[PDB]
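Here's the structure we're looking at; comments come further down.
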Amino acid sequence: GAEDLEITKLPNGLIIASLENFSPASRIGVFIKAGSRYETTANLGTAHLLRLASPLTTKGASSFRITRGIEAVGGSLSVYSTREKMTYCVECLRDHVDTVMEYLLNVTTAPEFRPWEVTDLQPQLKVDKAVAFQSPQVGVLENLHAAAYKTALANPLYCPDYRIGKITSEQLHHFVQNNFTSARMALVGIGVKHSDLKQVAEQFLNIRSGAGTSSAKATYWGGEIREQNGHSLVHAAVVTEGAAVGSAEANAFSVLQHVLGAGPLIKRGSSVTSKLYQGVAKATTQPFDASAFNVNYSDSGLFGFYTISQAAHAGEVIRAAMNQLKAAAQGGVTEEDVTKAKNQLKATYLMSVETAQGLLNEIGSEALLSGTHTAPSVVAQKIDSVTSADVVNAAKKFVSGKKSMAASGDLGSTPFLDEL
Amino acid sequence: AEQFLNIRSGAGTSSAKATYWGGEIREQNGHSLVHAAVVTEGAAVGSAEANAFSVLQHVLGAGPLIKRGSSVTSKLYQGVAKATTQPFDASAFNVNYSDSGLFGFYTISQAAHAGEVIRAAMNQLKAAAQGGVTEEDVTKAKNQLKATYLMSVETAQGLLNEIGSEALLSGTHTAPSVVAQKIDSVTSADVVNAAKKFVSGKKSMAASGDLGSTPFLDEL
Amino acid sequence: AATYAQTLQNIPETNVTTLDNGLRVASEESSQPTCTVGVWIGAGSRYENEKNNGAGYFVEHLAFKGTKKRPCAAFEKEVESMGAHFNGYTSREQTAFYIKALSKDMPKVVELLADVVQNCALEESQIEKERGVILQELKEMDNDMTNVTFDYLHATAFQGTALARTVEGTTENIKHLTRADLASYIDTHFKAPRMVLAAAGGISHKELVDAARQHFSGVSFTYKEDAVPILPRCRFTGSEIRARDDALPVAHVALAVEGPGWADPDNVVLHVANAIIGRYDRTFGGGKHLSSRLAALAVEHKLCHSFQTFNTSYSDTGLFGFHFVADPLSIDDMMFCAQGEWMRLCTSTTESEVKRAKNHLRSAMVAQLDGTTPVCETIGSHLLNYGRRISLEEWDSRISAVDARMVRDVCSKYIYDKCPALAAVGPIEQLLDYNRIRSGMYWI
Amino acid sequence: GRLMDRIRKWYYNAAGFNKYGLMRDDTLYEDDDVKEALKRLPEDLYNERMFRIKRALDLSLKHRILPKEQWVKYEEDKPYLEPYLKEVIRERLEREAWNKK
């Protein structure tokens with residue numbers, strides 16, 4: 001028991017990934033190319049509401065049966081999503097896959113979006129959004145993408161306020177009809193045999209072929225959105241256009257990430273291997289945090305740093321975070337730093353797959369934006385195959401490129417993008 | 001004032017200098033109408049360069065004088081008019097502060113036409129900075145400005161405001177004839193210069209509505 | 001393909017071998033390039049006393065600031081540079097320090113571990129700095145109503161005993177603990193017979209134990225040194241503690257009766273029971289259709305922002321209860337419905353209910369072994385608490401034997417007509433009278 | 001068959017609610033199902049029902065009816081709620097059934 005990872009690709013462009021690891025539990029999923037990215041000023045938040053609508057009645061199963069049915073076999077059903085991808089997955093013990101599958105299939109391909117059900121559901125965007133925004137972390141990221149873009153990616157991941165209660169069954173339907181198309185969907189599935197997961201995708205996945213609505217290109221703006229709100233702690237993020245998914249310059253940044261520092265590895269411990277952390281450390285005296293921020297999207301990406309700090313020290317802390325990026329673009333990168341990083345990155349990657357969830361995510365992410373499974377050795381080969389120069393170049397691209405900044409808290413002492 | 005007022009002496013806290021940023025804040029909120037305002041550092045109060053802008057204001061157009069009537073004397077209005085077909089509004093925005101001021105235009109328009117309407121408002125400012133100002137336009141304006149000023153004092157409120165504004169940021173009362181002498185004493189050049197200062201200076205923009213078709217400050 | 005039954009059988013066995021110093025080494029070898037190894041210690045605040053309370057926590061803060069063989073900077077740099085993750089924690093009866101790295105470094109890791117538990121530097125200058133840090137973490141944790149509540153629940157449920165103390169200790173203890181007390185704590189508690197080195201991922205049990213024999217030396221002389229100390233029993237008390245602050249936005253309430261303790265088989269039924277009641281929170285999409293009656297009610301009547309059932313076990317005792325968060329004006333109805341559900345458990349559970357509770361429980365146990373850290377956490381605990389590993393195959397066996405009739409009896413036996421322990425914090429005016437609550441403890 | 005299909009038209013005129021300008025569905029006793037059904041009606045249908053009913057009550061307090069011209073015709077009577085009410089009842093019966101299982 002240990003081998004393979006088959007992956008068919010039906011007539012309509014619907015990719016099917018599969019891996020049997022004989023786990024006592026299965027986890028099937030439907031990855032899709034959809035999100036606030038394909039929203040227009042006209043239907044904003046419709047993707048968010050769609051996310052919360054997963055439990056509404058479908059043409060095959062009712063709101064009631066979905067929840068009762070899944071819970072009956074100790075299953076689960078959830079929808080995770082970024083600005084450009086939406087995953088509908090379910091978990092359960094091996095012996096119930098066929099049962100949980102029905103609802104999964106129904107939810108993604110047969111929604112009904114009954115007006116009343118939809119009307120009652122909307123006041124929920126208000127809640128859902130309120131708990132998310134408890135983390136300042138999420139607020140600035142929203143504004144970041146809004147300051148870093150003029151469209152598509154500039155769209156918020158959480159339905160804007162003015163639109164709560166105004167989304168319509170039409171919009172939900174159109175959004176689904178124009179995006180949930182066989183050529184934009186992948187039916188991944190850990191803990192199952194490939195023939196089985198395939199026979200399913202066939203006889204049942206109705207909404208056939210297409211590519212429907214195509215997202216507008218990700219135009220880069222380079223703006224600065226600031227939020228004065230009193231908070232004793234100031235969260236700031238300064239980024240630049242970075243590499244995109246499947247980009248050669250990607251692996252470069254990812255490595256520059258770890259070199260600068262991307263999250264602690266030792267509990268309550270200091271990060272010495274983190275140039276950025278250590279840099280800021282020598283600058284401020286009070287508590288703070290600083291990390292390398294790095295996002296890779298389909299046709300774009302963002303790269304820079306993120307910093308949490310006491311209001312009166314945001315100045316010194318952000319500058320320090322900068323000087324440490326310039327110092328790195330001017331060849332301030334040892335050949336060893338590049339070696340350490342490469343390991344942290346490989347390990348980080350490798351650990352980030354022990355989770356059933358993490359693995360399924362990994363597998364399906366490829367089978368959707370590719371149709372193939374890059375072997376672990378290959379991804380390893382691609383990572384270390386990054387010169388010390390590539391890294392100092394990535395750094396350069398940042399110190400040079402047009403920067404966009406998003407900050408929030410008591411900005412009374414926070415610098416403006418043009419003072420960096 | 002004397003035998004009664006007590007909290008006294010000094011000038012206490014002094015405001016920090018007015019540092020200019022030149023940012024662009026956009027507010028997506030659904031409204032069918034999009035309000036947009038593009039300005040630049042203008043002139044301060046008590047400044048000689050003030051009167052120049054005030055006049056460039058009227059030349060470009062600052063508010064209708066005829067009920068439901070079109071504004072022909074308004075270059076800016078007329079300009080935009082030729083650009084869009086649907087209802088809208090456009091005016092010359094001008095604020096004078098102690099150590100700074102702002103100058104530009106303000107435009108209300110249907111979402112889908114904010115693009116054409118704001119562009120038009122711009123072209124009409126550039127066209128003015130390139131000597132697109134008749135010696136007559138400058139004459140008409142100067143009158144509208146003097147009248148506007150003179151009418152804006154018939155109100156007890158308006159008069160007290162006028163009087164006190166000076167006695168505070170001055171300590172003297174500029175006679176009406178003097179303010180008149182200062183207003184017309186503005187060459188056709190001054191006006192085209194003011195215009196220049198705008199087309200050249202760093203602009204900051206504020207807009208709100210269904211900005212789906214509204215241009216970004218760097219697309220103007 | 002393969003059934004749930006078979007997949008359970010084909011799970012690689014957990015190997016356990018004891019050394020001569022009394023240390024036990026256990027592991028579950030998988031085909032994974034990455035792994036987790038750590039030491040789970042049978043120590044915690046319950047082993048502390050009135051004067052050193054908070055030592056084990058103070059020790060947790062130093063465990064990583066370097067050992068004697070390699071100082072702070074050196075230590076951190078060595079772990080970071082190999083891409084390994086170092087973490088750990090300390091509870092009332094259990095402490096742990098574990099690392100996540102590539103199986104390739106399994107031995108270098110083991111060396112680091114043993115260096116940590118056996119050679120903590122306890123730098124005098126460091127202690128004065130962690131002193132200030134801990135004092136800050138106290139103020140932070142003070143604003144976490146959920147933990148403030150469970151602390152209070154212990155404070156009263158086990159009033160007058162060792163289990164009544166928090167893990168972090170007191171402001172005084174923290175302001176005065178000494179290099180000695182910490183040293184003493186370590187020398188007194190971190191000892192082979194009371195420790196377990198568990199590992200999971202791609203590791204050779206044998207390579208592990210070899211690397212173990214090598215770094216876990218300290219071999220005891222007297223009989224005292226290798227005997228595991230039995231703790232004095234903690235008396236449970238039906239009682240309440242009400243910390244009222246109307247200025248807080250929502251109220252927290254936790255209610256519990258005394259549990260059986262790790263070794264008891266009933267814990268299996270108790271967990272099934274908690275599964276029937278389950279949990280909720282305003283973001284559950286199932287909403288009004290959730291199978292949990294309490295959940296449905298909470299939804300239908302806007303009873304709370306959330307609620308959870310729990311069955312916290314300990315060696316000789318435990319806490320079986322529930323906790324909920326509600327607005328000042330709905331505390332009463334929530335409590336009313338909650339206790340109502342407990343009464344249903346004792347008097348009218350359905351085969352349907354248990355049938356579903358069991359599946360939820362199975363998925364739960366399986367979900368606790370999703371990764372190396374969680375599998376390693378299980379091993380460290382199972383050994384420390386059951387003195388062996390209980391495979392999913394066994395759990396499942398036990399879980400499947402549970403039926404309605406059994407749930408009712410077990411629940412009746414632990415819940416019915418018992419004086420509960422209650423902790424309430426926040427704007428709790430609408431929740432009231434121990435007497436009234438005590439009456440919700442009988443007659444369905 | 002088209003036998004009682006006539007009886008109906010007879011009863012319909014015998015009933016007499018059409019003299020108030022009320023649709024058959026307007027006369028339903030609002031129990032639990034009917035109440036849920038009504039919440040699902042589209043705004044326009046709902047407001048029309050409302051006026052029809054308020055109108056009927058006003059006629060009833062006046063002890064009058066509508067002129068013969070305004071009477072709802074058997075074949076033009078809109079069963080605007082029957083569709084929703086039918087769904088509401090199935091959903092309910094589903095749950096009832098499931099909760100027994």
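We name chains A, B, ... following the order of the structure tokens; residues begin at 1 in each chain, and ligands are numbered from 1 as shown.
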Using only C-alpha atoms, find each residue of chain C with at least one atom at most 10 Å away from an atom of chain D; report its shortest atom-to-atom pair and that distance in Å (one decimal), sort the rows by chain and rising residue number, and return the result as a Markdown table.
```
| residue | atom | partner | partner_atom | distance |
| --- | --- | --- | --- | --- |
| C:289 | CA | D:95 | CA | 9.5 |
| C:291 | CA | D:99 | CA | 9.5 |
| C:352 | CA | D:101 | CA | 7.4 |
```
Legend entry - Exercise: segment 68-82 of chain D partners within 12 Å, only C-alpha atoms, chain neighbours under 4 positions left out, as a VMD selection string: chain D and resid 5 to 28 30 33 to 42 44 to 46 48 to 49 52 56 64 86 to 89
Legend entry - Option closest in space to chain A, from D:53, D:63, D:43, D:1 [counting only C-alpha atoms]: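 For chain A, the nearest of the given residues is D:43.
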Legend entry - Residue contacts of segment 55-70 of chain A (10 Å, only C-alpha atoms) excluding same-chain residues fewer than 5 positions away, as JSON, numbers by chain: {"A": [50, 75, 76, 77, 78, 90, 91, 92, 96, 99, 100, 101, 102, 103, 104, 105, 106, 107, 108, 109, 110, 111, 112, 113, 114, 117, 118, 121], "C": [284, 285, 286, 287, 288, 289, 290, 291, 292], "D": [91, 92, 94, 95, 98, 99]}
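Counting from atom CA of residue 66 of chain B, the distance to atom CA of residue 159 of chain B is 24.1 Å.
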Give the residues of chain A that lie within 10 Å of chain B; count only C-alpha atoms, and format the answer as a tab-separated table (two decimals) with N, CA, C and O atoms, in the first residue's frame.
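That gives us result-v1.tsv:
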```tsv
chain	number	residue	atom	x	y	z
A	40	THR	N	-17.48	42.00	-11.19
A	40	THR	CA	-17.49	43.31	-11.81
A	40	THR	C	-18.13	44.26	-10.82
A	40	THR	O	-18.84	43.82	-9.92
A	41	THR	N	-17.89	45.55	-10.98
A	41	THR	CA	-18.48	46.53	-10.08
A	41	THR	C	-19.97	46.24	-9.92
A	41	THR	O	-20.58	46.53	-8.88
A	42	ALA	N	-20.56	45.64	-10.95
A	42	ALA	CA	-21.98	45.32	-10.96
A	42	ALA	C	-22.43	44.17	-10.04
A	42	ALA	O	-23.53	44.22	-9.49
A	44	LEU	N	-20.31	42.68	-7.43
A	44	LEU	CA	-19.40	42.49	-6.31
A	44	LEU	C	-19.98	41.67	-5.17
A	44	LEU	O	-21.18	41.73	-4.88
A	146	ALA	N	-6.32	46.33	-3.13
A	146	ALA	CA	-7.06	47.46	-3.68
A	146	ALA	C	-6.11	48.59	-4.04
A	146	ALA	O	-6.42	49.41	-4.90
A	147	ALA	N	-4.96	48.64	-3.38
A	147	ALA	CA	-3.99	49.69	-3.66
A	147	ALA	C	-2.96	49.18	-4.67
A	147	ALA	O	-2.25	49.96	-5.31
A	150	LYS	N	-5.97	47.92	-10.14
A	150	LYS	CA	-7.04	48.76	-10.65
A	150	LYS	C	-8.24	47.87	-10.96
A	150	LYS	O	-9.35	48.37	-11.14
A	151	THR	N	-8.02	46.56	-11.02
A	151	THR	CA	-9.09	45.62	-11.34
A	151	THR	C	-8.86	44.18	-10.86
A	151	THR	O	-7.89	43.89	-10.15
A	160	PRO	N	-18.49	43.63	-0.14
A	160	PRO	CA	-18.49	44.98	0.43
A	160	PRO	C	-19.83	45.25	1.10
A	160	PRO	O	-20.86	44.67	0.75
A	161	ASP	N	-19.79	46.14	2.08
A	161	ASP	CA	-20.98	46.49	2.85
A	161	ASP	C	-22.21	46.92	2.05
A	161	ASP	O	-23.27	46.30	2.14
A	162	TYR	N	-22.06	47.98	1.25
A	162	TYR	CA	-23.16	48.50	0.45
A	162	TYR	C	-23.87	47.43	-0.38
A	162	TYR	O	-25.02	47.61	-0.75
A	163	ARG	N	-23.21	46.31	-0.65
A	163	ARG	CA	-23.85	45.27	-1.43
A	163	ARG	C	-24.56	44.16	-0.69
A	163	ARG	O	-25.23	43.33	-1.31
A	221	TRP	N	-1.64	49.07	-10.14
A	221	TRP	CA	-1.85	50.49	-9.86
A	221	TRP	C	-0.70	51.12	-9.06
A	221	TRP	O	-0.11	52.11	-9.49
A	223	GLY	N	-0.90	52.03	-5.52
A	223	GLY	CA	-1.49	53.07	-4.70
A	223	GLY	C	-1.16	52.88	-3.23
A	223	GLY	O	-0.55	51.90	-2.84
A	224	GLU	N	-1.58	53.83	-2.42
A	224	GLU	CA	-1.33	53.75	-1.00
A	224	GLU	C	-2.62	54.06	-0.23
A	224	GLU	O	-3.09	55.20	-0.20
A	225	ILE	N	-3.18	53.02	0.37
A	225	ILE	CA	-4.40	53.15	1.14
A	225	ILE	C	-4.05	53.12	2.62
A	225	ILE	O	-3.46	52.16	3.10
A	226	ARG	N	-4.40	54.16	3.35
A	226	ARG	CA	-4.09	54.22	4.78
A	226	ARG	C	-5.37	54.22	5.62
A	226	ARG	O	-6.34	54.88	5.27
A	416	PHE	N	4.75	57.70	4.76
A	416	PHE	CA	4.01	57.58	3.51
A	416	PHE	C	4.91	56.90	2.48
A	416	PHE	O	6.13	57.08	2.50
A	418	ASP	N	5.96	57.58	-0.18
A	418	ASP	CA	6.98	58.43	-0.80
A	418	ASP	C	8.05	58.91	0.17
A	418	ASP	O	8.88	59.75	-0.19
```
